[PDB]
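Reviewing the structure listed below.
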Amino acid sequence: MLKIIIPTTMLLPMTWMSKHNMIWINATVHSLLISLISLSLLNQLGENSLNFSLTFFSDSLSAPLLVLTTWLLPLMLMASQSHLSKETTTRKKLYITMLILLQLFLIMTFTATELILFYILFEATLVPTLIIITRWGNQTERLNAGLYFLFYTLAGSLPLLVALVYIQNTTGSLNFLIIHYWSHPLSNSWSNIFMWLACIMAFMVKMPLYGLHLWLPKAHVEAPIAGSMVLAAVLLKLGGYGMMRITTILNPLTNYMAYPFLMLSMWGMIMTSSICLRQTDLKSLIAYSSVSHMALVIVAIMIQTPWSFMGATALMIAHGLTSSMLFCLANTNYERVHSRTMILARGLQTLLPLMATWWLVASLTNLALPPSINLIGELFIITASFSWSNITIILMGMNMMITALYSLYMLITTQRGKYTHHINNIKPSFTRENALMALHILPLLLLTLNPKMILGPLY
Amino acid sequence: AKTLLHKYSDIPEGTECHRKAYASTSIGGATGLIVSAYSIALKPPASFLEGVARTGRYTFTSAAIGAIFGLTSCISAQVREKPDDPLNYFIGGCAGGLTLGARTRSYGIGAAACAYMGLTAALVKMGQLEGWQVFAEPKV
Amino acid sequence: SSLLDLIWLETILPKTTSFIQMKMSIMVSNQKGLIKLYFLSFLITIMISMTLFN
Amino acid sequence: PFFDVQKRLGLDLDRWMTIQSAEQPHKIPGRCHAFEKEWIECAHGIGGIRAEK
Amino acid sequence: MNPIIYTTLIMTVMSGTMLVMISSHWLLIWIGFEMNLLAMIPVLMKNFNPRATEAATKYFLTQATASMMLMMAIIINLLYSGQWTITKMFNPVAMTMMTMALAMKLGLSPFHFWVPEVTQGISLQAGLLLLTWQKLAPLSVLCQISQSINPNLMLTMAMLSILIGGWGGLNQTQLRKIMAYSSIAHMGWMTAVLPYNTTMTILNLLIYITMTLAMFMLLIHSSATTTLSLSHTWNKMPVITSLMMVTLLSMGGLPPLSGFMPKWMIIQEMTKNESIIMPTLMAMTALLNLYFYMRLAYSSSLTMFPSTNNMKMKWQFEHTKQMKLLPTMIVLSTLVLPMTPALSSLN
Amino acid sequence: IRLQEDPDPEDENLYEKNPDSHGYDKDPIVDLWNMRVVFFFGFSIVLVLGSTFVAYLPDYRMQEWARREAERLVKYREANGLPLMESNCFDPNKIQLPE
Amino acid sequence: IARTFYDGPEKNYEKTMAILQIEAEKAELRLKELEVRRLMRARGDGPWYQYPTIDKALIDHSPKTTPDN
Amino acid sequence: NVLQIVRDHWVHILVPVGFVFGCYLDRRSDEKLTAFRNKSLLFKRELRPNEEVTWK
Amino acid sequence: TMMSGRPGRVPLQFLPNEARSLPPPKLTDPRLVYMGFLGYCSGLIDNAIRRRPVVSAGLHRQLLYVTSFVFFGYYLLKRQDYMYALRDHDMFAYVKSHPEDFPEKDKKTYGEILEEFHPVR
Ligand SMILES: CCCCCCCCCCCCCCCCCC(=O)OC[C@H](COP(=O)([O-])OCC(O)COP(=O)([O-])OC[C@@H](COC(=O)CCCCCCCCCCCCCCCCC)OC(=O)CCCCCCCCCCCCCCCCC)OC(=O)CCCCCCCCCCCCCCCCC
Ligand SMILES: CCCCCCCCCCCCCCCCC[C@@H](O)O[C@H](CO[C@H](O)CCCCCCCCCCCCCCC)COP(=O)(O)OCC[N+](C)(C)C
């Protein structure tokens, strides 16, 4: 993994040593090169993982997440250079430094082979994100959003640290391979119940579980565009990766403890879709859609079958790409009219046709349209839930109907109708924005062409 | 303190509800006396009668909470015939929280106290059952 | 949106916790800085430690 | 915490005054010199835990 | 105060602490405490004003009471054993008196009020010396006598310290009182781990001292004593605000900064001894400290507060005095997490 | 007014100074080269080369190996009249059950 | 692609064997260290937890004023 | 002139040399895990006449 | 205090004589490189605080920072390695000396061990 880790730590000095007008060019080009290099991790095995060294290893679950992280960095650079034109050179370099640090922490998080090093990195991702939000956000509420995000995550994750050190004392090791090979059943006792709670609650807060989700609209609405892109596409997936990894040691207690979380996930999936139906803000609509999809992923992990894990992996990758694209589209609209209200700017199809096409494609992927990987993951989760019980189909069908309703509602409201008459500053779409949307959407369809690359280790 | 806790724990779980209520009332009264002593020291009253009134109010609130908790927990255990069940302690804790809310004349304080005291009391029962220790003896 | 997300889920965990912490902070920090008061507190602490700790 | 400069440098700053079985002026014995000597000799070199047991 | 008299008083404070640390006799330990207090009072009163006089009076009263209780404990121990050597104490009552006296010296709750009061009373340099050195000595004594410490009393005072520090810091808006409540909380952590691993106590002491030195020296450099005074520093020297923000993040215990190492090691060590409820409560309560550190970080670096018109003249001029080892303290307090296993060298 | 504050600046339009702008930079040459490097590297290199590389990744997941092994097993077992799928994963002789 | 970029399965297989052996040995050593610490602290008969006692070289063995010491 | 281009574009070798250094460190990490090389039950074989190790 | 008061411990000795029999750290140790990195970061922060050009000014001062950090890190690593070797030595000796407390247990195969099966459905 060092062939990918070191070039990022070299992005840092290159960013600080490049000229004042070449920072964006250098950062974008070399981020793309590092993404290309990280594409080599997809050549996985059918039996075991890629054990690079004592510290880092890669799997069919880690590799797509690393590729998504490395691919997301240059897109964030493009959106950032859109909205950070008037900044000073030092502050531009500080923003790029925060993005690079976040990418480095995420890479080491997905490739860390110990639960304690994984904990350290997955908690280290909080600082750059908090700085980005509370420093380069636009509105007053960025401070409160940062407080909510930070304290929700830490309240979730501190009992996880206690549980991890306890498990290390009990079993002698926190290495994932050793805890997989030496796993023992978790007896039904109050102590085991609270160990299970510590671990799962950390990752449920990070996911987020319905009822532990308010920090998500607060932070995703109030963050800058790069912050929104990384919060939804990658940072939400630390919870899924952690829950998939740590449930090795939590059986058979997961069979009995998953009822409250499954009930919360299914009902809150319905509730957040219904909220999306009646949102006066576009960014909040996209955030609540993210909550619904992560609820589906939580259901998949909790029911915990080989078909549900594949659907969970596929849905995580697909949601990352789709939500990042939706945030970028909303941000272009905001940079036009300087407001997040959904009904302020209308007729954007007759003012900007190609952006209307991008909106159509992003909203067609947001709802599960076959054969997109969004649908593939959702359908695998639905099938596993059907095997779990036969009323999960009722809840899942209701969720799919509401998802289609609010996605097409967003499309029709923003793009169709008649343009607002007094908004006379809708300049033609930039090549940069068009290329950003294309770079979001083409990999999704190529992943549809080759779907075994994102179905996880259980494939 | 240790003697009072030893008496309360030496009374068996599902039996002698009057003695359980007496022991819990004594513990609550002691806690209220300590709280009232610290309150008098740190926020002095305007008069001796005001000090006595505040001490009595705090002591009676704590004693009532203790009596309600002990009585409710023991009665619930007796009627359900299920000793060593955290639900009995949860019911006692929420009853104590409702008593605190009644003493403070506040529905919100009552509800929050019911929730928190129920969780705390259920956790204490689980700790007694499982062998949890707060002030662990040094080893290793 | 309103009753659950904006009102009750907000009241249960983050609003109630913040209110409790603010109240306890006010209680702790609301001192007049009187050595008489907090030395009487020291005396109570010493008596409690001598008696209730064995 | 404890920097044994006395042991390191061979100094004697208060070890003379630590015990009453040590060297006293005019060889005046302590009240419990024999008992203290016996206890010190028993407890020498086995540590606090074994010395107390 | 004459510079020669000031440096001889500083040397006398240090000599008293060193006598405490190197002595093997309880009388010599008491003498060291007395010498430290006697030379420490004028340092607090160095800049004469009523607040400094009041702070020195309160500090003297508290420390004299603590020394008296300590000598009573020493004499009671001598009565029941005839031993002057500092080892395990042979009387539980003497041990309780000693624990109370050392806790009163350190500022552990419920003996904490003098800490915020005196720290707000005295200047920034005096507060720096107070917190650092005057925590350095009693903790060494406690580490020496750790094997007889009552775990219940020690852990009760530690949890009280953590809770009180968090809440007081939440309320405060003055920088020196914020530092004092942070100090109370950190002392709580150290003494919580004390009955299990004095090595972890020493590690927490060193990390706390480094972070406190960096923070106090940044305040001295920026000449800021309130929140609003510190809100003007972004318009004079924006580097100092950024370093202070990183140091505040480190103090709050966020990974991968150096403030995470002591909390991590203490949680692990206490878990080895089958303590779970105590480490979990301690870890959750530190969120209060993190909250008021973050509140301080919003005002100074992450947001730009209004400035004044004479800041232009301040721009025209340059800072003259150079803080000694400020860059080293900044780096050690933020970037030494990958060097954690050196605590064995500390052992 | 409570402060001496700047008025809110008017939004800056990149097409006014540079009609054929790509939205990357104020400078025309830097803007053009930013567009060029983004398009070339991203689209050409990453998209085309990574897609073809992933398409022709070697079969290390052993799909075709498993298929050939299954064909050999089926051929052997149906030639000899053995059941195609063995009833037990492990050898009951090696397994020792409690009394 | 397999020739230029990747290696044979034997390398990863046997590297995993080495890594697993190291990690298993470390887990065994950690558990054994915990057991040893527990025993040494409980009994005080090893090199660890040797709290100091008073030196017997300080005792004065010369005759005193009184015969019975 | 030519010097200015090198004076300006010397930062474009940092990420490539980082990739090369990372590959080198990966090889170094591999060469310390060679305790079961040609010793697994599944892959143990005889050495070829002109080879010293099975893998590097 | 676990290893404080271990027999034969000379007070105030950073590195005893018995530590000379251990392999000294290689000068290219990653921990030594990280100590040098800390020194370099301190030098940059010094330039930034004093308002000198961060990367250019004070090359001699930055060299002194890096050299001091590498020096102290080398000696610190030696002491850390010595303490860990001492801990392992003591643990092994105690296990050897207390066989009744650390007994060798007969190894049973998974064909003989019976484990409860918990289906996931
Ligand atoms: C190496 C590259 C960096 C990597 C970083 C990785 C971590 C390292 C940590 C320590 C780094 C060393 C210390 C640097 C201090 C710099 C201070 C400064 O003045 O910076 C600006 C300075 C230039 O500006 P200036 O002319 O001084 O004007 C300053 C005025 O303020 C300009 O006026 P203005 O008003 O426009 O400026 C205002 C600005 C001025 O404010 C600043 O400049 C302050 C910058 C941050 C303070 C230092 C924090 C140190 C603590 C550790 C964490 C650092 C992370 C960020 C590092 C930023 C590095 C600049 O403040 C703000 O805008 C406020 C923003 C507040 C939020 C952001 C600040 C906090 C960020 C850090 C917290 C997050 C940490 C996350 C946890 C993980 C940590 C790893 O930048 C530099 O000199 C760049 C330094 C690095 C140069 C390259 C070195 C390597 C050369 C090639 C090596 C090749 C090796 C061999 C390869 C093989 C092939 C041959
Ligand atoms: C010019 C080159 C650079 C020099 C810079 C110098 C800066 C550091 C100054 C040196 C400090 C150490 C002094 C070395 C000589 C003194 C010898 C003696 O003090 O060493 C031992 C003791 O030394 C110290 O205790 C340990 C020194 C190591 C401390 C620094 C590392 C702290 C760990 C931090 C880990 C994370 C940060 C990593 C470093 C960046 C003696 O043991 P002992 O007398 O019986 O202790 C009795 C008390 N006990 C038993 C309770 C401990």
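Bear in mind these aren't lab numbers, they're just calculated from the coordinates by the rules spelled out. FYI the Cβ positions are ideal-geometry reconstructions off the backbone, even for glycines, and counts take in every protein chain you see.
Inside the stretch A:254-354, counting only helices (runs of 4 or more DSSP H) that do not spill past its ends, which hold 3 or more residues that are crowded, with 24+ Cβ neighbours inside 10 Å and touching a residue at least 60 places away in the same chain (Cβ under 8 Å)?
A:259-277, A:282-303, A:306-337
Does I:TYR40 fit the bill of being away from ligand 1 (no atom under 12 Å from the Cβ), of a type in the set (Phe, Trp, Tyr), surrounded by 15 or more Cβ atoms within 10 Å (Cβ to Cβ) and assigned to a helix (DSSP H, G or I)?
Criteria not met by I:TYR40.
Return the residues of the stretch A:68-99 that are among the aliphatic types (A, V, I, L, M) and surrounded by fewer than 23 Cβ atoms within 10 Å (Cβ to Cβ); say none if nothing qualifies.
The answer is A:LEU84, A:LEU94, A:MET98.
Within the stretch E:177-207, count every residue that is away from chain C (no Cβ under 14 Å) and in a helix (DSSP H, G or I).
Total meeting the criteria: 19.
State whether the residues of the stretch E:279-299 include one that is over 20 Å from E:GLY168 (Cα atoms), away from ligand 2 (no atom under 16 Å from the Cβ) and either under 22 Å from the mean Cα position of the chain (by Cα) or surrounded by fewer than 17 Cβ atoms within 10 Å (Cβ to Cβ) (or both).
Within the stretch E:279-299 (the criterion being over 20 Å from E:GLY168 (Cα atoms), away from ligand 2 (no atom under 16 Å from the Cβ) and either under 22 Å from the mean Cα position of the chain (by Cα) or surrounded by fewer than 17 Cβ atoms within 10 Å (Cβ to Cβ) (or both)), the answer is yes, since at least one residue qualifies.
In this structure, is H:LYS56 more than 14 Å from chain A (Cβ to nearest Cβ), under 20 Å from G:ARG3 (Cα atoms) and surrounded by 11 or more Cβ atoms within 10 Å (Cβ to Cβ)?
Taking the combined requirement at face value, the residue satisfies it.
On the basis of being within 11 Å of another protein chain (Cβ to nearest Cβ), out of contact with any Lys or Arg (no Cβ under 8 Å at 6 or more places or on another chain), under 30 Å from E:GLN144 (Cβ atoms) and of a type in the set (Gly, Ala, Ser), does I:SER42 make the cut?
Taking the combined requirement at face value, the residue does not satisfy it.
Criterion first (outside any helix (DSSP H, G or I) and either in contact with a helix residue (DSSP H, G or I) (Cβ under 7 Å, 6 or more places away or on another chain) or aromatic (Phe, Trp, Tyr) (or both)) does F:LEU57 satisfy it?
Yes, satisfied.
Return yes when E:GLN147 is surrounded by fewer than 21 Cβ atoms within 10 Å (Cβ to Cβ) and facing another protein chain (nearest Cβ under 7 Å) and no when it is not.
Yes: the conditions hold for E:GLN147.
Would you say A:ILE116 is assigned to a helix (DSSP H, G or I), within 16 Å of ligand 2 (Cβ to nearest atom) and farther than 21 Å from A:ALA219 by Cα?
Against the criterion (assigned to a helix (DSSP H, G or I), within 16 Å of ligand 2 (Cβ to nearest atom) and farther than 21 Å from A:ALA219 by Cα), A:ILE116 does not qualify.
On the basis of being within 13 Å of chain D (Cβ to nearest Cβ) and in contact with a helix residue (DSSP H, G or I) (Cβ under 7 Å, 6 or more places away or on another chain), does G:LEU58 make the cut?
In short, yes.
Look through A:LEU126, A:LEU143, A:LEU102 and report the one residue that is farther than 26 Å from C:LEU13 by Cβ and more than 16 Å from ligand 2 (Cβ to nearest atom).
A:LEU102
Any residue at all in the stretch A:415-428 that is buried (at least 17 other Cβ atoms within 10 Å of the Cβ), touching a residue at least 40 places away in the same chain (Cβ under 8 Å) and among the hydroxyl-bearing types (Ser, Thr, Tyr)?
Checked against the condition, which is being buried (at least 17 other Cβ atoms within 10 Å of the Cβ), touching a residue at least 40 places away in the same chain (Cβ under 8 Å) and among the hydroxyl-bearing types (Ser, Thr, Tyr), the stretch A:415-428 yields no hits at all.
Can you tell me which residue is nearest to D:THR18 (Cα to Cα) among those in the stretch E:17-42 that are more than 13 Å from chain D (Cβ to nearest Cβ) and in contact (Cβ under 8 Å) with a residue 60 or more places away in the chain?
Ranking the qualifying residues of the stretch E:17-42, first place goes to E:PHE33.
Of the conditions (1) closer than 23 Å to A:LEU321 by Cβ; (2) touching a helix residue (DSSP H, G or I) at 6+ places or on another chain (Cβ under 6 Å); (3) within 10 Å of chain H (Cβ to nearest Cβ), A:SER38 clears all except one; give me its number.
Against the list (1) closer than 23 Å to A:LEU321 by Cβ; (2) touching a helix residue (DSSP H, G or I) at 6+ places or on another chain (Cβ under 6 Å); (3) within 10 Å of chain H (Cβ to nearest Cβ), A:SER38 comes up short only on (3).
Scanning the stretch I:51-97 for residues that are of a type outside the set (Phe, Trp, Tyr) and within 7 Å of another protein chain (Cβ to nearest Cβ), which turns out nearest to ligand 1 (Cβ to nearest atom)?
Top of the filtered list is I:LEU76.
Does the stretch A:91-111 contain at least one residue that is among the hydrophobic types (A, V, I, L, M, F, W, C), over 19 Å from the mean Cα position of the chain (by Cα) and either more than 10 Å from every other protein chain (Cβ to nearest Cβ) or within 30 Å of I:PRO53 (Cα to Cα) (or both)?
Yes, there is a match, as at least one residue in the stretch A:91-111 is among the hydrophobic types (A, V, I, L, M, F, W, C), over 19 Å from the mean Cα position of the chain (by Cα) and either more than 10 Å from every other protein chain (Cβ to nearest Cβ) or within 30 Å of I:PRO53 (Cα to Cα) (or both).
Show the residue pairs that are 6+ apart or on different chains and have beta-carbon atoms under 6 Å apart, the first residue being within the stretch E:238-251 and more than 9 Å from every other protein chain (Cβ to nearest Cβ), the second being assigned to a helix (DSSP H, G or I) and near ligand 1 (Cβ under 6 Å from one of its atoms).
E:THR241/E:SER301
If you take the residues of the stretch I:1-59 that are farther than 30 Å from E:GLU318 by Cβ and of a type in the set (S, T, N, Q), which of them is nearest to ligand 2 (Cβ to nearest atom)?
Among those residues, the one meeting the criterion is I:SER4.
Of all residues being within 9 Å of chain I (Cβ to nearest Cβ) and farther than 20 Å from I:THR67 by Cβ in the stretch E:322-333, which is nearest to ligand 2 (Cβ to nearest atom)? Just the residue, please.
E:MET323
Here is a yes/no grid of residues against (1) within 16 Å of ligand 1 (Cβ to nearest atom); (2) at the interface with another protein chain (Cβ under 7 Å from one of its Cβ atoms):
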position: H:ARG7; (1), (2): yes, no
position: H:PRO16; (1), (2): yes, no
position: H:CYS23; (1), (2): yes, yes
position: H:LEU47; (1), (2): no, no
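Among the numbered criteria (1) within 16 Å of ligand 2 (Cβ to nearest atom); (2) facing another protein chain (nearest Cβ under 7 Å); (3) of a type outside the set (D, E, K, R), which single criterion is violated by E:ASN273?
Failing condition for E:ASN273: (1).
Of all residues in the stretch I:72-97, count the ones that are over 14 Å from I:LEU22 (Cβ atoms), within 11 Å of ligand 2 (Cβ to nearest atom) and not small (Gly, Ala, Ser).
2
Which residue, of F:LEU57, F:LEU14, F:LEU3, is within 9 Å of another protein chain (Cβ to nearest Cβ) and under 24 Å from the mean Cα position of the chain (by Cα)?
Selected residue: F:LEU57, the only one of F:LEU57, F:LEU14, F:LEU3 that is within 9 Å of another protein chain (Cβ to nearest Cβ) and under 24 Å from the mean Cα position of the chain (by Cα).
Which ones in the stretch A:10-32 are hydroxyl-bearing (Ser, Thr, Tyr), at the interface with another protein chain (Cβ under 7 Å from one of its Cβ atoms) and over 23 Å from the mean Cα position of the chain (by Cα)?
Within the stretch A:10-32, A:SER18 is the sole residue that qualifies.
Cβ-Cβ below 7 Å, separation at least six or inter-chain, first residue in the stretch A:141-154 and more than 8 Å from every other protein chain (Cβ to nearest Cβ), second part of a helix (DSSP H, G or I) and of a type in the set (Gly, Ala, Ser): which pairs?
Partner pairs satisfying both residue conditions: A:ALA145/A:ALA219; A:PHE149/A:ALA219.
Filter the stretch G:1-40 down to residues that are out of contact with any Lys or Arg (no Cβ under 9 Å at 6 or more places or on another chain) and assigned to a helix (DSSP H, G or I), then give me how many there are.
Residues that pass the stated criteria total 26.
Go over the candidates A:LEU369, A:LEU379, A:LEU364 one by one and state the one that is within 21 Å of A:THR313 (Cα to Cα) and loosely packed, with under 15 Cβ neighbours inside 10 Å.
After applying the criteria, what remains is A:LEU369.
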